[PDB]
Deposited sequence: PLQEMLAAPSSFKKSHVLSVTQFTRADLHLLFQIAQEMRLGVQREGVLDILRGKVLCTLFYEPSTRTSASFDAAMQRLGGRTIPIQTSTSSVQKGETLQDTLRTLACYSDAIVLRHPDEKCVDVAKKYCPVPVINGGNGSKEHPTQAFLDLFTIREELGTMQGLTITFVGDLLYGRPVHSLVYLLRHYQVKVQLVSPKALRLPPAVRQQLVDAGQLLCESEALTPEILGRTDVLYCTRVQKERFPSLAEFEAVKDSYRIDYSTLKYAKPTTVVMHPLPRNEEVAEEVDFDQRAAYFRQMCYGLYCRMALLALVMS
């Protein structure tokens, strides 16, 4: 059955994966279908036989253990091989020289780089598929895929859901990517954020265009929480505020702990792309609704399906 799905046509095949804007609702539906079978296969066989003759390089100019190890494990559980490039402390060879070098060894490269334009360098020069693992934190498409997959799997549907984004919605680009992916579905969105860290006007206008913008609030109210199906939290960082007083104030209001979960639904899904500071208290980690570690498991099967589609 996975064989049939992977034989089906896809925009992923032999393609760079650089932006969520490349892919359709149909593309993601197939990805999630294959992801579902990837999980069943792994439960049965552990290491599958899909990409046995393929080699993936991972090329992370800044470390992200959660992302790089996810791709390594996905590739190896597809039966493929991985070559993780040591992240140097360096000044060094140009990105395009390194990519063209590694393209002689591997069939695809996962690239994470602090320059947003790194995706344009990859497009111009790299003769094998490049998967964007983070381009100056502008986009992180497989994080967007796994976030959406997490919602679908935790709550079973997409229609009728209310999603509450809380924290730094200006710098929290995973929110923007997920807002783009949500344009097809009949959802409602609540934006809880300091006034300084609200969504960029273009992303807000995306929600307006879709008839999805429900409420905008500085405060994480019992009322907002009471109607939340998905509480998607972002990291609030001190550099976003000139004064410490304001920074700690906003943190204390937004901290997700038992004091705030008591206003949520029994079925609210608490999500966080991670790393976290203290915006989600450790005391809630064992709560049913704490889904930010299931998120990582969902990402494995999503990236297995992505790698299968790209390199098969």
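Sequence ranges absent from the coordinates, based on the deposited chain and numbered from 1
Counting from residue 1, the one stretch without coordinates is 91 to 93.
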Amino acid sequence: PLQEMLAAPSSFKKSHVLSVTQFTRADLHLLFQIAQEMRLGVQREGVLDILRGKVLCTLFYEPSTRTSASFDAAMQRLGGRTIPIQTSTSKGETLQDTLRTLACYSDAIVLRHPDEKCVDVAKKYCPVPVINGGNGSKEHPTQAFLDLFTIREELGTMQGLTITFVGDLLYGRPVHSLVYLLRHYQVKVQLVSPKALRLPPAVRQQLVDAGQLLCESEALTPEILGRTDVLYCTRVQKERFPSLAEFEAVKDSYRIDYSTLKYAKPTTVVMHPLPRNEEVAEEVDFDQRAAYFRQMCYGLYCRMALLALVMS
From here on, numbers count along this sequence of modelled residues.
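Averaging the C-alpha B factors as listed in the entry, name the stretch that ends up higher: 152 to 160 or 79 to 87.
Per the PDB entry, the higher value belongs to 152 to 160.
What stretch has the higher average Cα B-factor here, 171 to 179 or 94 to 102?
That would be 171 to 179.
Comparing recorded Cα B-factors across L59, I256, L56, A245, which one is largest?
In this record, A245 carries the highest C-alpha B-factor of the candidates.
Which one of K251, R66, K265, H272 shows the biggest C-alpha B-factor in the PDB entry?
When the deposited C-alpha B-factors of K251, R66, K265, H272 are compared, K251 is largest.
Within this chain, which third does the Cα B-factor at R198 fall in: lowest, middle or highest?
Highest third.
Report the third (lowest, middle or highest) to which the CA temperature factor of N135 belongs, ranking only the modelled residues of the same chain.
Its C-alpha B-factor, which the entry lists for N135, ranks in the lowest third among residues of this chain.
By the record's CA B-factor, is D27 among the lowest, middle or highest third of residues in the chain?
Ranked within chain, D27 CA B lands in the highest tercile.
How does the C-alpha B factor of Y125 compare with the rest of the chain: lowest, middle or highest third?
Lowest third - that is where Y125 ends up once the chain's C-alpha B-factors are sorted.
For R235, the third of its chain into which the C-alpha B factor falls
For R235, the deposited C-alpha B-factor lands in the middle third.
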